[PDB]
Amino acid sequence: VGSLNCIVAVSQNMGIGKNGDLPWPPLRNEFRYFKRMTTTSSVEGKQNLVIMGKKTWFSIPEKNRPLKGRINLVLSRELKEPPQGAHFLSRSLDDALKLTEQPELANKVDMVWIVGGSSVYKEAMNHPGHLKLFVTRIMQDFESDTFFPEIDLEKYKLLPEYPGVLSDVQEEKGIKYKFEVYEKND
C-alpha cells in the first residue's frame, strides 16, 4: 500500500459542512480537483482507497456513489454491512488501515485518502507516521455546523510546491480559493 493522505476543503472559519452538505455552493472545478487527486494512482494495476465516515458517505450525491475508480470504505460501528454501493465497512480507522494489509487489498491499493468527516480527520492527523494533508482554503467565512480539526504547524510543513497542484488563486461562483499541501512525518 502506498501513501496516506487526507483531503478537505475548508472555509476561513474552519467550516467543512452544514446540514449534511458543504457550507458553500457547488465549486465544480474544486470537486474536479477532489476527483483527480483521489482517483489518480501513481502505480500500474492498482486503485486508491477512500476512507470516510458514515455521514460523509451519505453526503455524496447517490448518483456519484461509490466514488468511481476508487475503492470505497465506510467507517461505522452501527452498520452491519457496507451501505448500498459501498465496498467495505470498518469499525475503526486502525481496522480500516489494517484491512489494506490483508490479502484481498494488499496488492490492489495504491494511495489511501481519508475524506472525513471531523472525527476521522482528527484521528488521522494525530496518528504517528508519514501523512500529507491536501487542503483547499476557501477564502471566505461560511456558516457551518461541522469543522476541520486544528492543523499543528509545528509538525505539518506547508510545502512550497507540489507537482500537479496549481499555486495561484482560483475563483468560482465569486468565491476565491487556493490549494495547499502539508506533510508531516513523526
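Residues carry their position along the shown sequence, with the first being 1.
#### Entry: Comparing 63-71 with 39-47, the one whose average Cα B-factor in the PDB entry is higher
For C-alpha atoms only, the mean B-factor is higher in 39-47.
#### Entry: Mean C-alpha temperature factor, higher of 119-127 and 137-145
Averaged over C-alpha atoms, the B-factors run higher in 119-127.
### Task
Determine, from the deposited record, the chain-internal third of the Cα B-factor for residue 22: lowest, middle or highest.
Ranked within chain, residue 22 CA B lands in the middle tercile.
### Chain-relative CA temperature factor third for residue 105
It falls in the top third of the chain.
### Query
Lowest, middle or highest third: where is residue 165 by Cα B-factor in its chain?
Residue 165: CA B-factor falls in the highest third of its chain.
### Query
In terms of the CA temperature factor given in the entry, to which third of its chain does residue 5 belong: lowest, middle or highest?
According to the entry, residue 5 has a C-alpha B-factor in the chain's lowest third.
### Query
What third of its chain, lowest, middle or highest, does the C-alpha temperature factor of residue 99 fall into?
Ranked within chain, residue 99 CA B lands in the highest tercile.
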